[PDB]
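> Here is the sequence, then the experimental structure:
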Number of protein chains: 2
Amino acid sequence: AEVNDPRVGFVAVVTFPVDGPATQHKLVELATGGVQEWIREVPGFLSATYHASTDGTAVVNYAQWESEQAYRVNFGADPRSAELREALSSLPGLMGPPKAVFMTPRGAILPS
Amino acid sequence: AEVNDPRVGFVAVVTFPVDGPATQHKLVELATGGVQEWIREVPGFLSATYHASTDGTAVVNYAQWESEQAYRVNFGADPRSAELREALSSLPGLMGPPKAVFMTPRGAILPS
Ligand SMILES: O=C(O)Cc1ccc2c(c1O)C(=O)c1c(O)cccc1C2
């Protein structure tokens, strides 16, 4: 969704530490390769965007959710979220567990 | 911009460690201030979305740019950006220097 859409009530920023750009590429390919097709229809799921850090050390996911409850009930309480975590943790090149930060949009600056 | 808009060639995720929920509002208020409107007309700027960590300890800015040059020079060479940095660094309640992670969007999972 647009980054400043009011429907976005909850965001998770997840950082995955990797051993270099080849693993960055593989990790994004894995994340968008069909393992999480099921998440697209989850009520409250708005988006998951995966980025490669320019220094080659991490893959960052910026995920928008309609609310914390929707995230908790429709993602965290679904066992398929554990399946997803296992999938992404299986990749060679992943150097530590993913780190998450939870947060709510509070202000924005859009273009003129 | 939409998170998967093809114009977004470069993203910065800037984290500002703060001492509490009160300073989070102060920091967002300052950063989305109104004197900061010149940023809206910077060539290549697409969006700045300021978030408050749910735990009250951080303010996180997800910023969309057309390219790394737009951020670095169009924004970064303008003196107003140095002004803005100093402003943010001088706010009481800051627990340390802002930390930026630079990255490129590589893939997105979205609802149909
Ligand atoms: O200079 C730093 O590293 C700290 C720091 C302070 C203020 C800002 C930034 C920043 O990075 C940004 O990036 C940034 C951006 O990308 C898009 C919009 C506003 C800011 C404001």
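On my side now, so go ahead. Residues are numbered from 1 along each chain as shown, chains lettered A, B, ... in the order given.

> contacts and neighbour counts: CA atoms only from here.
Will do.

> and stretch A:82-101, anywhere near chain B?
Yes. Against chain B, stretch A:82-101 shows contacts by C-alpha under 8 Å from any C-alpha of the partner chain at residue A:101.

> And that stretch, end to end?
With C-alpha to C-alpha, to the nearest Å as the measure, stretch A:82-101 spans 18 Å from end to end.

> do the same with stretch A:68-88
Per C-alpha to C-alpha, the first residue of stretch A:68-88 is 23 Å away from its last.

> ok, and what's touching that stretch?
With C-alpha atoms under 8 Å, 6 or more residues apart in numbering or on different chains as the test, stretch A:68-88 has contacts from A:9-10, A:27, A:30-31, A:35-36, A:39, A:42-45, A:65.

> For the residues you listed, which single residue is the most surrounded?
residue A:27 (26 neighbours; other C-alpha atoms under 10 Å in any protein chain shown).

> Check whether that one really touches residue A:61, as I assumed.
No. Judged on C-alpha atoms under 8 Å, residue A:27 makes no contact with residue A:61 at a distance of 11.0 Å.

> OK, contacts around whichever residue of chain A sits closest to the ligand?
Of all residues in chain A, residue A:109 sits closest to the ligand, at 7.6 Å by C-alpha to the nearest ligand atom. Going by C-alpha under 8 Å, 6+ apart, residue A:109 touches B:32, B:37, B:39-40, B:47-49.

> what's the most distant pair in these?
Greatest spatial distance in the contacts of residue A:109: B:37 and B:49, 13.8 Å, computed using C-alpha to C-alpha.

> So for the two, which sits in the more crowded spot?
The neighbour comparison of residue B:37 against residue B:49 (other C-alpha under 10 Å) goes to residue B:49, with 20 against 15.

> Give me the three-state assignment for the more buried one.
strand (DSSP: H, G, I helix; E, B strand; the rest coil).

> same question, residue A:107
Residue A:107 - assigned by three-state DSSP - is strand.

> re earlier: show only the entries of the contacts of stretch A:68-88 found in strands.
Among those, DSSP state E puts A:10, A:45, A:65 in strands.

> can I assume the first one is in contact with residue A:106?
What it means is residue A:10. No. If you go by C-alpha under 8 Å, residue A:10 and residue A:106 don't touch, sitting 10.4 Å apart.
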